[PDB]
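Next up: the same protein chain in two forms, each one alone, written as C-alpha cells (structure 1, then structure 2).
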Structure 1
C-alpha cells in the first residue's frame, strides 16, 4: 500500500515520467510521495525504492523474494529465450544459478585474484600510460582511451586476446557498446515493453535496439571466429573456451543452460559489462582529480611512499594505502554510475518501510538515493574522500556503500572492478599529474544520463612526474 501519481487511463503513467532523464523525475516524485512511492507504467505495476533502509530491506532482508527479474519482452529481438537468458536479465531460477556460478568461478579461475590477471591489468595499464603520454602537452578527452584499456581486460578474460587501440573491429565494438547502452533507457523501449505495438510493426521494432543487435552480431563474428580455433585438448584460457568445454560436458541433456544460444548472450553479458562500467568510473576518477588537484596530490604522495614512482602497483598495496582506497571508493559513491541500478521483481508478497508490495511488482532500487542518503553521509553531494576514513586515518567501508547493490543479484564483477580501478587509477596518477586545460573553463561535475551516467564531456592535461 505505497502512495502514487495515479496515472491516466490506457497508457497509465507512461507519460507522467521523463525517460530521457529518469533519475530526475524519480526524485521529483520522491519529493511529492517520498522514499517508497509507486507508479503503473501501462499494465506493469512498479514500486521505486529510495534511501538505504528501503533498499536494504527489499534486497537483503526480503532478498529471497526479490531476486527475480521482471520479464523484458522487447529482448525477443536479441535472441533471448528460456533456453538462453544469460545472467544479467535471467530470471531467478537454475539457468541463472548455473550461469552465475559459472561466471564467478570461471573468472576467478582465469586468474582473478593475484599474480595473473593483476599483472595482466598492469601490462594493459602500461599500454594506456603510453597512449596518454603520446599526447604530450596537448589537452584531450581520456574517455575513449580508458574505455579501450578497460575493455582489453574483459576481452582477455573472455575472448582470449587483447585488441590494438587502432583495430577497426575493436573500435566498432566499443562504439556499438556505447550506443546499445543508450538504448537501455528511453521512451521508445518503455512503450514497446508495454503496448505490443512492436509485433509486426518492423518500423518500430526495428529502430529500437538497432545497436544492441548490431553489437551482438559483431560478437557472433568474434565467437565463431574464436570457436573455429578452439582445441579441446588445451585447458581453457578464456571464458568462451571454458563455456564451450561445458557445452561438451553437458552434451547429455537439452535441459542444460550450456548451449549455442546462451553462449553468445552470457559472453555478451560479461563482455559488454566489463566494457562500459569501470571505464566510465575511471572517467569520473580522472575528472574529480582535475576538479580537486588537492586530493590528487595527497594520493600521488601515498603512492610515492608505499609504491614508489618506479615499480608497478600490486593489489597487495591497497592494504597499506588508506587514502588512495578512500578516494577510489568516494569516486564510486559520488560517481554514482548506476543510479536506479537494475530492475528487480518480487517473487512473493513483501513489506518495505511499512507498505506492502504485491507479488509481480517490478522493483527499482535507486542506488543513488543510497549512495547519497542524507541520513548516512556527512557531506552527501560533495566530493568528500574523508567519507571512508575514521579518526586514526584508516580506510573504513560504510554499509550505505552499495554501488554494486546487494543480495543474490549483486554485481558479480565487483571483484574484477575493484582490481581494475585500483590498478589503473594508481598506475595513472603514479606516472602522471592531470589538470584542467590551462586556458579553459572549470569542467562540470554534472553527469549525462543514459541508464549509466558518465562525466559530461571534458578535457584534461596529462604531464609526467
Structure 2
C-alpha cells in the first residue's frame, strides 16, 4: 500500500529540521492538520509514523495489537545491565522476558489490591502524611510539587519495598533528585548517536555520561533493595512486590530462561518508580493548579466530599462510586493536563495497515495521545478545563472512548489501577482538608503546560488554608 504522507525529508537531516522538540505536541498538531491523522517523519536514523485520533491509535494498538506491542531497540540500556532475560518491563522488547514481567506486575498489583487491601491502606496513610505536611506551611504560599513527588514516591516505595520514607530522609531525597535528573537522559542528541552507533560506547567518556543519573539512581536503589533483602521473611506470604519477585527468584534458581534474576529485579523496581512517580505527581500538580484557577469547581468538589464523606472520616475507594462530580473533575484534570502527550513509542514487528496506509515492519510508532484527549470532534471544548466533558445533563459520570491517557493495547499502562487509586484518594483527601487559592499579589498562573517530553504545569505557588 501507500506510505503515510508527510513533510519532504531533507537530504541528511531528514525531517529533523521539520520538528520542534521544544513544543513537539504543537508541531505535530500542525503536521496533522496538514497531512492527516497518519503521517511520516524521518527523525535522524529512525523512520517514524505518527498516529493521531482515536481511530488510528486503536487500529494500530488494538486491531493490530500483536504486531505493534514491541519497543524500539535501545542499545545504551546495556549500561544498566539489560540482557535478553532482564529487560524490566517498560522498555522490554515484546517477547517472553516482557510478558513474564508484565503478567507478574499486573497480578501482583491486583493481589495487593485484594484481601487486606494493602495498596489502599498505604495510599490512605500517605494522603494523611501529605495533608499534615501541607498544614505545616501554616497558610504560607508554596510550590506543592516537591511534596506531591514525595507522597507519590512513597506509594511506589510501599508497593515495591513495603515501607515509606520520612519527607526529610536523606536517601529518599537523593533518590527523588536522581529520578528527576534521570528523566532528562531520555532526551538529548548524545543518546541518539550512541543508540545509532553502539560501538561509540567503547569510549568511557561517552558510556559513562549518557546515563550517569540513571545509573546512580539504580545504585541508590540497590542499597535499598539490599536492606530489604535482609528484612524479608520468606516464611510469611509476600508483603510487597519485591518479596514476591524474590520468592519467584528462589523458585527459578537453575532456570536460565527465567526473567526473575538479580539483574532484572533492580530494573523492574526502577521502572515502576520511573513510570509511576513523575506521571502521578505531575497529574496531581495539574489538579491543584486547576483547582485554584477554577475556585467554583473546587467548591463543588468540596461540597460533594462533605455530602458523601464528611470532614472527619478519611476518603475510601468505596466513596468513588458515589462521587460522580469528583470523578469527572479528576478525569478532566488528566484530559486537560495531558501529561504524556506522545505516550511511549512502539515498534511494528510486521507490516501493517492503518487508515489504509502501509506501515513497514520495524517502524517506530508514536501515539499522539494528546490528539485523542484534545480531539475537537469528540470533546465539547477540548481546550478548556471543563468537568462536564465527563458528566451528562443528569450529572451522571460518563467516560468517552477518547479518554486514553494510559494508551491502549497490550502495552497500555499497567499502573492504571493504582494511578486511579492515588489520584482519587490524594485529590479528595487534599480538597477535603484545604481550600486552595492563588496567592494575592501574584499573577494568575498560566494554564499552558511546559513541554519537556512530559507536560508539566507552569511553575506556581498556592496557599492551603484548613477548612
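Only the largest set of C-alpha atoms that superpose within 1.5 Å between the two forms is called the rigid core. Numbering follows the first chain given and starts at 1.
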After aligning the rigid core, which of 316, 254, 358, 196 is the one whose Cα travels 2 Å or more between structures 1 and 2? 196
Is residue 301 among the residues whose Cα moves by 2 Å or more between structures 1 and 2 after superposition of the rigid core? no
Core-aligned, is the CA shift for residue 30 between structures 1 and 2 2 angstroms or more? yes
Determine, after fitting the two forms on their core, whether residue 228 shows a C-alpha shift of 2 Å or more between structures 1 and 2. yes
Superpose the two forms on the rigid core, then give the C-alpha shift of residue 11 between structures 1 and 2 in Å. 4.4
Between-form comparison on the rigid core puts the Cα shift of residue 41 between structures 1 and 2, in Å, at 2.2
Following alignment on the rigid core, what Cα displacement (Å) is computed for residue 454 between structures 1 and 2? 1.2
